[PDB]
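In: Experimental structure and sequence below.
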Amino acid sequence: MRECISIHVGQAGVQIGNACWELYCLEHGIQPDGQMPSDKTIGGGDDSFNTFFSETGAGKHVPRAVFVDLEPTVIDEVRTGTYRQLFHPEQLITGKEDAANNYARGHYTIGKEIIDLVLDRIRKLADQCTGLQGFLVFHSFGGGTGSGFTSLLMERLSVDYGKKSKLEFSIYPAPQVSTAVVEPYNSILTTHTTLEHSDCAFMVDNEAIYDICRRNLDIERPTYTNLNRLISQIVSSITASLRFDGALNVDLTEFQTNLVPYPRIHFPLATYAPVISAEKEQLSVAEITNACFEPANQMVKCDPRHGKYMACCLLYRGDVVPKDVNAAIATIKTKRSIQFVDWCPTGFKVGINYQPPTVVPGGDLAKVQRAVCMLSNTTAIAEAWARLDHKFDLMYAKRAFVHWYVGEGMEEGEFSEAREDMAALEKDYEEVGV
Amino acid sequence: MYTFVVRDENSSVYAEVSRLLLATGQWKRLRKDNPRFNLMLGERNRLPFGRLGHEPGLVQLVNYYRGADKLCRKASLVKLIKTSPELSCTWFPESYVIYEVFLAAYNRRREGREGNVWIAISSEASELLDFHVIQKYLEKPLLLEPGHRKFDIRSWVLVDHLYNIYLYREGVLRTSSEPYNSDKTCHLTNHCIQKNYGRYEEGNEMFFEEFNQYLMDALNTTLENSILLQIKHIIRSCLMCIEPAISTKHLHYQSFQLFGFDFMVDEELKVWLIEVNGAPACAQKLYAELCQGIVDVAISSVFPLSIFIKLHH
Amino acid sequence: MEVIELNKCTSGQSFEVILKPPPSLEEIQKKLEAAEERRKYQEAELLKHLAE
Amino acid sequence: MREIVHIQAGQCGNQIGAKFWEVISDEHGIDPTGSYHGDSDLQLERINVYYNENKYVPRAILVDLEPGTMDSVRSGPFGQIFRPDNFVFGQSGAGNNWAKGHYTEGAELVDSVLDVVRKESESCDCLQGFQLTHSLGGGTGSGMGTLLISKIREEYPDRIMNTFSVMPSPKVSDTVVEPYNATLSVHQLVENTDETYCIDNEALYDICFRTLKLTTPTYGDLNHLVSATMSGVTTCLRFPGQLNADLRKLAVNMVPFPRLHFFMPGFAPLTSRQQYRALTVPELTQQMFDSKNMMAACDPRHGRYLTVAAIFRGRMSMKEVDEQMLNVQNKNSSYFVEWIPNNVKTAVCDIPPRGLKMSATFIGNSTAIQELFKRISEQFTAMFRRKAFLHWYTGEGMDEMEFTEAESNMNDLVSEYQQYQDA
Ligand SMILES: COc1cc([C@@H]2c3cc4c(cc3[C@@H](Nc3ccc5ncccc5c3)[C@H]3COC(=O)[C@H]23)OCO4)cc(OC)c1OC
Ligand SMILES: Nc1nc2c(ncn2[C@@H]2O[C@H](COP(=O)(O)OP(=O)(O)OP(=O)(O)O)[C@@H](O)[C@H]2O)c(=O)[nH]1
Ligand SMILES: Nc1ncnc2c1ncn2[C@@H]1O[C@H](COP(=O)(O)OP(=O)(O)CP(=O)(O)O)[C@@H](O)[C@H]1O
Ligand SMILES: Nc1nc2c(ncn2[C@@H]2O[C@H](COP(=O)(O)OP(=O)(O)O)[C@@H](O)[C@H]2O)c(=O)[nH]1
Ligand SMILES: [Ca+2]
Ligand SMILES: [Mg+2]
Ligand SMILES: [Mg+2]
């Protein structure tokens, strides 16, 4: 059994981290106090759920998690929340003043002041691991901490844990939900600095989550709690294979092996189905599988029909058997525009976990008998890089807001280095995709 | 008040469509690069589909179907017809894309020495390859009288955001003025290539009322029965074939598009598909009526304030 | 068509279906410290201006 | 960061300053004695931003070269809420003379103000910066106020400086030298503030006359408008929300270039010191973007918005707010620069101000603000090309060169706004 350490950075990472660990606890039968009646090995064990939870002699199951924010108000909610007993004080790390939506303030000015403290607290979690496989890092592209401190931590993790895998869940900026005016700048600065250091990154476009919340849950004005509970369901789909018995994606290295043949192009597109309003009809394997190809169920809005596939995994949860998957795949392939790159086999890796998805009691989502998350590495996701790159271009041509970054010690040249990297990234997609 | 931007200045059709939309006092034209638009009259080339449909609280519509080029590029049409199961195709001339199988079938025509002319117009191969798609030349066209003239038919077809397929009831015959010699002014019917020009009809353009009167008088048949059942068939086959690849049914932005299909009628009153034009112009006499219908069924159906045959609902 | 690598357990199963074959701690520290020096320089010009 | 340190200087500064503490003390449920008597917990969540603590004392410092206005505060209703040691006054006044406030009389007093400032900044868990209320047309708030801003910046170079600055207008004027004091001050503000709300006494007057139908407004009528605005634009600093804003995030999102940091505030519904009908969300949105609701006498239809922040207060449909805000950008998309995408932002706060069920506040960084600086530049030049009234300043040690420099710098400021209006 190899352990996974979760790192939640900034507001988006910490609140999404909060949603996930609530879900993990419900899925594993761990109570808010950390007690797990089903775990007959007290004070230890090497079960699959021990990838994410350690154990105390008192039977407490403790997340292998670090929450770090440059400001206290968000992590303070964890310290006094319903799951307060679950976390160690040393796992929650807060600065005093945040990065003011400024990548440079987060990476340079304030990151230099707190990076060693964060790395130390992570060491205390690594030192309890008999075989630590790597990190899951949760953060926004757009925040000052989420972009700037994350990329500093990413650089430092590659140094201090070189042989270890690093996966990202990144909140991609959408004006529908919030957005500082400078979020394109931060998005690109952090991608350029983190590209070398991340093995696989799952982008979640806040516009996709917002729309799914309005359209499929009939929430008029979705909140962060609406957004995060939906996001954490998808995150649970993705991380379930590390936390449960199975054969597909059982260690972080397999995510790269299954989804990322070409190292820079390491952003799989995630599609999730079904999402059903709790206040509001049981979909079939063929129906939920076909929904994986409707653009309205993607975590990033784009058209996969206009790109090429490099890898494709279907992660089922609930009442699903292989016979029904293969039939649905035969049907879909003769009706949908699914074209793979000429240098990769046209195939699906399928995983089934029999436990139906769990929902948060009193949440907006309804219990369903089966659900599926598709992870596909399509060049079509480059649409999202182009949109972002274009907004960067508009502001950078007048150097609007640049002075706040230079004011923190950054050089104007980091901007254009960053942009040129994304120009190269966009081209890598253009070659593989047509 | 709806808002639109204009990104194709050379479009005569959408110059008129914008001139009409403003003329209702309910539409407002913005600068080229304002993203806050309801409708994009976009550019022929490198239209940024990836940036459409991401503006909060804006239904966005564009006048081009992303992926429709697979029909409107000559190499692509041949590939699409050949490899689509739903097209396999008795109305598309034999075609080969070359940058060998050609030669093969060419010899099978040397065998019985039957009509072995091809276009890219030559009679022997090695003169063509020394000079793309090689396409069987239709040696027995239907010739108009008086004049022993060639022609082609241009049909205007509008696909709306619901993927309803509307055929404009006015077509155009683009006729040759020098008689047909079994030199190319009598072989290529292009409206530019002719300007003998202007003899029989104003501008080498015969409209449907007169072609139908002609066919009634000369051949004892109608435009509908002899030709138009076949045209409606080809349009529907072509566009239903690509409907899955290009449709915007559950997409974050919607599409419509005007197409010009080009047909040829041989002397057995069979219709063949020449090519599909993705950014066509209109006949001057029809600009008014057709552009208003674009506004009526493609733009107002999405943004509320028939000269069309429904091929699809 | 082909279905390969079927792994069953009590928790679920997995398989593959195939439809058609085919920086150092020093260089970072330098960056960090260079930025901090440019900040220091900019504050020095500021206090130098204010002293004028 | 949490704490803001508030400074009010001069006659106008202390009057709009006193009204501001009156309004927001009511909103946060703090009585004139400093005791909390409110019913909602949202009232206490971020009270630390503006109050020291079970009595709450405003983190406010009162400054004047004349005892008069401050004495009125100590004898008014809330005068017993301010910390007595935070009153710092002289006796000779500044004679509506920028040079006296900045160089002679104010210099004598400024070190005693910096003492109180230091005392408050040391009780701060994490200081955000400072907000100064003052007018630009007198001498204490104008001349001493900007002298303070410079000295605070020297000792706290890394904290945010923001001001509410009342601009003089001949329609509401105390003396002819106001264009001189204003031009000298704007020069300082361009260099030493991060964000300045431009409150134009001309606009406040026109609103009281033309809209609230007051044939002869007093300074009280104008200051009712100012306090309502000051409560509006600080709503997001003082109340728990989803954005939870602060002075630095405000500067980063609103100021694309360091010099262009002068904001037009706007309020709806505009009220006099009642209509019992609450407004609808379409009405708040149309009114707050109307020029007739702008607190700086500039027509936004004469320039372009660089950035905009809006806040809606009251119980209403967030979906309707979103619908209306996106509508106004469509009907005006020519008035929002294309090189700053998504440059309009919308916040919602549940607690409305006193007396209203709904209200909207607007903060705009619009290039139309050049009209206000062109106005002041004209008035300055009309007197300065004949060296009129100059002796009041040279008699305090000032050379004519300083006037030449300040004028040129505002003219630069105007032209810099014109550059981005055409970009
Ligand atoms: C003091 O009052 C106020 C201040 C501000 C500004 C502001 C100003 C702007 C602008 C954006 C923002 C905005 N951006 C965001 C939004 C949401 C986020 N969500 C998560 C993380 C970061 C975020 C960043 C504010 C974050 O904090 C501030 O101070 C920012 O574009 C044009 O000009 C806005 C107010 O209204 C929205 C407001 O209230 C009236
Ligand atoms: N989906 C989702 N997005 C969030 C959440 N919280 C913030 N965001 C988004 O994250 C982006 C801003 O990043 P934040 O996490 O707030 O920034 P931060 O890391 O705390 O950085 P600073 O506050 O500047 O120190 C915006 O685009 C918001 O839309 C959340 O809980 N869920
Ligand atoms: N197989 C064939 N047999 C006979 N004539 C043919 C032919 N293919 C093309 N032609 C002739 O060649 C002419 C050239 O036009 P064609 O339709 O081939 O390309 P094009 O793009 O120049 C027309 P447009 O721009 O209007 O779509 C046609 O008008 C037709 O008369
Ligand atoms: N809006 C407003 N303006 C004022 C008030 N008092 C004075 N003014 C204006 O402020 C300027 C005079 O400055 P004042 O504050 O009296 O001078 P100071 O005490 O030396 O700083 C003139 O432009 C007046 O129009 C007030 O209470 N409200
Ligand atoms: Ca155990
Ligand atoms: Mg934060
Ligand atoms: Mg006075």
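Out: Structure received. Numbers count the residues shown, from 1 in each chain, chains lettered A, B, ... in the order given. Ligands and ions are numbered 1, 2, ... in the order given.

In: CA only for contacts and neighbour counts going forward, please
Out: OK.

In: Let me see the backbone angles for residue D:242.
Out: Main-chain dihedrals, residue D:242, degrees, to the nearest 10: phi -100, psi -20.

In: and it, how many residues sit next to it?
Out: 13 (other Cα atoms under 10 Å in any protein chain shown).

In: any idea how far it lies from ligand 2?
Out: From residue D:242 across to ligand 2, the span is 9 Å (Cα to the nearest ligand atom, to the nearest Å).

In: Equivalent analysis for residue B:307, please.
Out: 48 Å.

In: what do you get for residue D:246?
Out: On the measure of Cα to the nearest ligand atom, residue D:246 and ligand 2 end up 10 Å apart.

In: Enumerate every residue touching that residue.
Out: Neighbour list for residue D:246: D:1, D:2, D:128, D:236, D:237 [criterion: Cα atoms under 8 Å, 6 or more residues apart in numbering or on different chains].

In: For residue 4, name its beta-bridge partners.
Out: With no chain named, the answer covers chain A. Note on residue A:4: beta-bridge partners residue A:134, judged by DSSP bridges.

In: you looked at the wrong chain, it should be chain C
Out: Beta bridges link residue C:4 to residue C:16 when assigned by DSSP bridges.

In: Could you count how many residues lie near it?
Out: 12.

In: thinking again about what came up before, whichever of the contacts of residue D:246 end up buried, select them in PyMOL.
Out: Buried residues within the contacts of residue D:246, by 16 or more other Cα atoms under 10 Å in any protein chain shown, are selected in PyMOL with:
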select buried, chain D and resi 1+2+128+236+237
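
In: Residues contacting stretch B:130-141, please?
Out: B:74-75, B:78, B:93-99, B:102, B:115-121, B:150, B:182, B:264-267.

In: can you give me the helices for the stretch 201-350 of chain D?
Out: Along the stretch 201-350 of chain D, counting by DSSP state H, counting those that start in this stretch, helices occupy D:201-206, D:219-233, D:235-238, D:247-254, D:281-289, D:318-331.

In: Next: the stretch 301-434 of chain A.
Out: Secondary structure of the stretch 301-434 of chain A (DSSP H, counting those that start in this stretch): helices at A:322-333, A:382-397, A:402-406, A:412-433.

In: which stretch among the ones you listed comes nearest ligand 3?
Out: Ligand 3 lies closest to helix A:412-433 among the helices of the stretch 301-434 of chain A, at 28.3 Å (Cα to the nearest ligand atom).

In: Can you list the helices and strands that the closest one packs against?
Out: On a contact count with 3 or more Cα pairs under 8 Å, 6 or more residues apart in numbering or on different chains; DSSP states H and E, helix A:412-433 meets helix A:183-194, helix A:382-397.

In: Tell me which of the ones you listed is the most buried.
Out: Scoring those by mean neighbour count under mean count of other Cα atoms under 10 Å in any protein chain shown gives helix A:183-194 as the most buried, with a mean of 24.

In: do you know which of the helices of the stretch 301-434 of chain A lies nearest ligand 1?
Out: That would be helix A:382-397 among the helices of the stretch 301-434 of chain A, by Cα to the nearest ligand atom, at 12.9 Å.

In: close to ligand 1, is that closest one?
Out: No - using Cα under 6 Å from any ligand atom, helix A:382-397 never reaches ligand 1; the gap is at least 12.9 Å.

In: near ligand 2 at all, that helix?
Out: No - using Cα under 6 Å from any ligand atom, helix A:382-397 stays clear of ligand 2, with a minimum separation of 12.5 Å.

In: other SSEs contacting that helix?
Out: Secondary-structure packing of helix A:382-397 (3+ Cα pairs under 8 Å, 6+ apart): helix A:183-194, helix A:412-433.

In: could I get those as a markdown table with distance to residue D:292?
Out: Formatted as a markdown table, those follow (distance: least, Cα to Cα, whole Å):
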| stretch | distance to residue D:292 |
| --- | --- |
| helix A:183-194 | 33 |
| helix A:412-433 | 41 |
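
In: Those into a markdown table, with extra columns for distance to ligand 3?
Out: Shown next, in a markdown table, are these (distance: least, Cα to the nearest ligand atom, whole Å):
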| stretch | distance to ligand 3 |
| --- | --- |
| helix A:183-194 | 43 |
| helix A:412-433 | 28 |
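
In: among those, which is nearest ligand 4?
Out: Ranked by Cα to the nearest ligand atom, the member of the helices and strands packed on helix A:382-397 that lies closest to ligand 4 is helix A:183-194, at 37.3 Å.

In: Next, the angle helix A:382-397 makes with the helix or strand following that closest one.
Out: The element immediately downstream of helix A:183-194 (helix or strand, assigned by DSSP states H and E) is strand A:200-205. If you take axes from the mean of the first three to the mean of the last three Cα atoms, to 10 degrees, strand A:200-205 sits at 70 degrees to helix A:382-397.

In: Can you spell out which helices and strands pack onto strand A:200-205?
Out: For strand A:200-205, the packing partners by 3+ Cα pairs under 8 Å, 6+ apart come out as strand A:165-172, strand A:269-273.

In: TSV please, covering those strands and showing distance to ligand 2 and mean neighbour count.
Out: Formatted as TSV, those follow (distance: least, Cα to the nearest ligand atom, whole Å; neighbours: other Cα atoms under 10 Å in any protein chain shown):
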stretch	distance to ligand 2	mean neighbour count
strand A:165-172	6	23
strand A:269-273	15	25
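
In: Make TSV out of these and add distance to chain C.
Out: Shown next, in TSV, are these (distance: least, Cα to the nearest Cα, whole Å):
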stretch	distance to chain C
strand A:165-172	16
strand A:269-273	18
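
In: thinking residue A:174 is in contact with residue A:204, fair?
Out: No - using Cα atoms under 8 Å, residue A:174 is not in contact with residue A:204; the gap is 10.2 Å.

In: And the residue of chain D closest to chain A?
Out: residue D:256 (4.2 Å; Cα to the nearest Cα).

In: The residue nearest to that residue when sequence neighbours are not counted and residue A:194: what is the separation?
Out: Distance criterion Cα to Cα, 6 or more residues apart in numbering or on different chains; nearest residue to residue D:256, sequence neighbours excluded, is residue A:401 at 4.2 Å. Distance, residue A:401 to residue A:194, using Cα to Cα, to the nearest Å: 22 Å.
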